[PDB]
Ligand SMILES: [Zn+2]
């Protein structure tokens, strides 16, 4: 016999070395695609900075200071002069966490709170 | 009782007329007319757009001089322009792209003839030079308030139409007052004429002209920028002199937003202008 | 990942072996006639059904041929079968006619699919809880479809 | 199986082969896109702008800024600027429209 | 044949027709007979500036590569989170079509980043791609509760989600509900040959994006899973095999109220029910079964039954009557 065990056997050994070559093409494809995921996420990150660019076009946002919380979920907030804008802040943030007589982060037009500030 | 899904075709003709008109977008209200042809219900194409002389009243139905309007229109008709008006546009600088009561009322009067009656606001004043975001706006019918608001089919492009998402104007004023999507068209004569026009706007005349200039500014000017390049390099190397102690202590977490690498890659890329232009000198010296 | 330049010939000569065997096998005549798609490789087996005079064996290969593997080759082989027969006369006629239906499959689909169905008020009531008159109104009825 | 593993495997050789020039195309194109968006966010930063004053940094990469008019503004600062420019009493300079900081000025 | 045609039309100035070269070059090249078109499909996917050909790109790649479930999501893995949202969405189409009818978890484990993103496109086609795999799947085999509940949370989250996202959400929820779990889809036949109107139904069904009433052509691809033991054309027997696995493992996820072996299988009178392709190796005909075909029922499909006894008591059962049907 001695071919499928020996001649096609070493042909299969050469196929195993070809699997080593596809382990080289394999791991090159791995690390080059991880580099590709890095550039995708970084260029995607400055693309998300272009998503922030509309909030750059917002001219920034103001500084709210709540002095009194109102029970109708419409919080009076002391603003910079010609302010005192009573408003419901954003729905993802509860009202009771916002403690009165403390400074917060407020958008300049939509008047939704971001966070409590020290 | 029917409404469809319309989409506005915008050429560069109308666009640069609104950009010359946006350079003519000084603080005062300005006036212009959009023209073209309506081929069906749910597609609309603009070609012809001109501007109008200002008045102290500003944008008004009284500002529209109808014999001057139709006079210029007929002078376009004796030229190669047999197109009806497709809408009227203007600029709203500073206070945002939305439309006042005068705007909605002269819109209400100018939509009696054309059922589509496109209204466009160009505002390059607070628009940056990075993006030229412009939108075409629409009037809803007041008797459609009982039913659902906009029975527009094919809701794919509305994901692109939520790009106007400023948190006061669009949905702050979106009731009784909606908008329409904008796509473009560019044929190959515009594409290659404008393309080689712009590449030529970045290239030279005979194009071999400014080459040897910077090849020989590598010998006159850029040598100073090469020494200063070595000064920023060595001026970082005095910082990286201290770094292997830090890397020889902590190795956990990163505290410096300064990277020291990609800047110096860029310094090498600027330094390779010498190498790339040396062979250019070899070609000029050859023949 | 054949280039078909040898493969169809390899198959049309590898179907010459089972006709020389004691029996025809149906997996090989399927798996050739789904690839080579040859009328000359079906013109034999359509008229071997008469020479074998066997009703039961033809019906499997007939049903998956009218099921699968072709449209216009089926439209050619059905009129190749139309010339076959009378222009066993009485039993071959019901064979060649009732194989070319394909609607017995549709009738059984209507019968088990008329008796296996499962609908729930949670899904459709959940759609009616979520329905709006403009966009998802068609999503509700396409889910119903 | 055993001798079929060869020619079965050759298709995996080809399918892993085809990812080579593909990852070449991605690695050549997306860095060009990276300098596209890099230069495009660079040309947002324009030199005519308003100068404010810094008051406090309440968390990382987002802070508050006293405007020249005295009204305090809440701006997420731009990511490229490091923590040296988070100095509390500083001569900060935002944009006139974007109102994000390019650079602070030496007093 | 059409290689010069499609390569000629690939250099078109028209982006629509540039998409149409790819949509066209799918059905010429299906079955992964071409390692050539993948080069220029991916090359127009990365290279081109217009996202129409880029979200239009990889669906033809699924249409050629439908033979292997394994090799697809590894090479759409970078495209899962791409640069633009459109290659993300077309990648959701590609994982939708390459993994349809299967049980490959390599598309499934990538859905958990796909289900949460600021873009409603990838959120919608994340649910569309999620709808195409979980069909005909039991929980005891594979952990699907996460995509069940995120599929369920959208029709209560429809207040705070996008209006087009919820459309693909509940529209995706009908896909599991399709036919009362009985009917499914398949990209290829029992012979390994692929069905033409299944491909037509799935690609035109992916063309619902531009025109939404075209999604009604999905029904042309509906492949009911059952068996056939029909002996004579007008005679119905009753055929009972047995399954070598647990009958509780294979059942229907019976919903809320809201006002180690089976002794035999439950498919009878041939009402054969739905059947997994993996159940076709655990089907067991009884040795005490009275009638038995000439062909060994080895894998599920269409066979006839042979009368082994050749006597009286064929056990004729009647037919139904007028109603919602004829
Ligand atoms: Zn004004």
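This table checks each residue for (1) surrounded by fewer than 18 Cβ atoms within 10 Å (Cβ to Cβ); (2) in contact with a helix residue (DSSP H, G or I) (Cβ under 8 Å, 6 or more places away or on another chain).
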residue	(1), (2)
E:146	yes, yes
E:155	no, yes
E:158	no, yes
E:161	yes, yes
E:165	no, yes
E:169	no, yes
E:180	yes, no
E:196	yes, no
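Give me the residue from segment B:47-58 that is within 16 Å of the ligand (Cβ to nearest atom) and surrounded by 12 or more Cβ atoms within 10 Å (Cβ to Cβ) and, out of that set, nearest to residue B:190 (Cα to Cα). Step through it out loud before you land on a result.
In the first step, residues of segment B:47-58 are kept if they are within 16 Å of the ligand (Cβ to nearest atom); the result is B:54-58.
Filter once more, so that each one left must be surrounded by 12 or more Cβ atoms within 10 Å (Cβ to Cβ): B:54-55, B:58.
Numbers: B:54: 32, B:55: 35, B:58: 35 Å.
Filtering first and then ranking leaves B:54.
Show the residue pairs that are 6+ apart or on different chains and have beta-carbon atoms under 7 Å apart, the first residue being within segment B:123-139 and over 26 Å from residue B:42 (Cβ atoms), the second being outside any loop (DSSP other than H, G, I, E, B).
Once the first residue is over 26 Å from residue B:42 (Cβ atoms) and sits in segment B:123-139, its partners that are outside any loop (DSSP other than H, G, I, E, B) give B:123/B:91; B:124/B:22; B:130/D:40.
In segment E:1-49, which helices (runs of 4 or more DSSP H) lie fully inside it and hold 1 or more residues that are surrounded by fewer than 14 Cβ atoms within 10 Å (Cβ to Cβ)?
Counting at least 1 such residues, we get E:3-10, E:15-29.
With B:167, B:108 as the choices, which residue is more than 14 Å from chain A (Cβ to nearest Cβ) and either assigned to a strand (DSSP E or B) or more than 16 Å from the ligand (Cβ to nearest atom) (or both)?
B:108
Please identify the pairs in which a residue from segment C:99-115 that is under 14 Å from residue E:183 (Cα atoms) has its Cβ atom under 6 Å from the Cβ atom of a residue that is surrounded by fewer than 16 Cβ atoms within 10 Å (Cβ to Cβ), counting only partners at least 6 apart or on another chain.
Short answer, once both residue conditions are applied: C:110/E:325; C:114/E:325.
Which condition breaks for residue A:59 when tested against (1) more than 8 Å from chain D (Cβ to nearest Cβ); (2) not in a helix (DSSP H, G or I)?
(1)
Is it the case that some residue within segment A:66-85 is within 14 Å of chain B (Cβ to nearest Cβ) and within 23 Å of the chain's Cα centre (by Cα)? Show your work before the answer.
Just the residues of segment A:66-85 that are within 14 Å of chain B (Cβ to nearest Cβ), to begin with: A:85.
Add one more test, that the residue is within 23 Å of the chain's Cα centre (by Cα), and what stays is none.
Within segment A:66-85, none of the residues are within 14 Å of chain B (Cβ to nearest Cβ) and within 23 Å of the chain's Cα centre (by Cα).
Being over 19 Å from residue B:9 (Cα atoms) and surrounded by 14 or more Cβ atoms within 10 Å (Cβ to Cβ) is the filter here; which residues of segment B:151-172 pass it? Quick ask: steps written out before the conclusion?
Our first condition is that a residue be over 19 Å from residue B:9 (Cα atoms); within segment B:151-172, this holds for B:151, B:165-172.
Passing the criteria: B:151, B:166, B:167, B:168, B:169, B:170.
Determine which single condition residue A:71 fails, assuming it passes every other condition in (1) more than 30 Å from residue B:164 (Cα to Cα); (2) touching a helix residue (DSSP H, G or I) at 6+ places or on another chain (Cβ under 7 Å).
All conditions are met except number (2).
Within segment E:140-189, which residues are assigned to a loop (DSSP other than H, G, I, E, B) and within 7 Å of chain C (Cβ to nearest Cβ)?
Of everything in segment E:140-189, those that are assigned to a loop (DSSP other than H, G, I, E, B) and within 7 Å of chain C (Cβ to nearest Cβ) turn out to be E:155, E:177, E:182, E:189.
In segment B:59-75, how many residues are within 16 Å of the ligand (Cβ to nearest atom) and either surrounded by 15 or more Cβ atoms within 10 Å (Cβ to Cβ) or within 14 Å of chain E (Cβ to nearest Cβ) (or both)?
Total satisfying the criteria: 2.
Yes/no per residue for (1) in contact with a helix residue (DSSP H, G or I) (Cβ under 6 Å, 6 or more places away or on another chain); (2) within 14 Å of chain E (Cβ to nearest Cβ):
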position: C:10; (1), (2): no, no
position: C:20; (1), (2): no, no
position: C:26; (1), (2): yes, yes
position: C:36; (1), (2): yes, yes
position: C:43; (1), (2): no, no
position: C:47; (1), (2): no, no
position: C:51; (1), (2): no, no
position: C:56; (1), (2): no, yes
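Has segment A:19-34 got any residue that is farther than 30 Å from residue E:85 by Cα and within 7 Å of chain D (Cβ to nearest Cβ)?
yes
State the number of residues belonging to segment B:105-121 that are closer than 18 Å to residue B:58 by Cβ and surrounded by fewer than 17 Cβ atoms within 10 Å (Cβ to Cβ).
Going through segment B:105-121 one residue at a time, the tally reaches 3.
Identify the residue in segment B:76-101 that is more than 15 Å from the ligand (Cβ to nearest atom) and assigned to a loop (DSSP other than H, G, I, E, B) and, among all such residues, is nearest to residue B:169 (Cα to Cα).
B:83
With ideal geometry, Cβ positions are generated from the backbone for all residues, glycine too; neighbour counts draw on all protein chains shown. We did not get these values from a lab; they are worked out from the coordinates using the rules stated.
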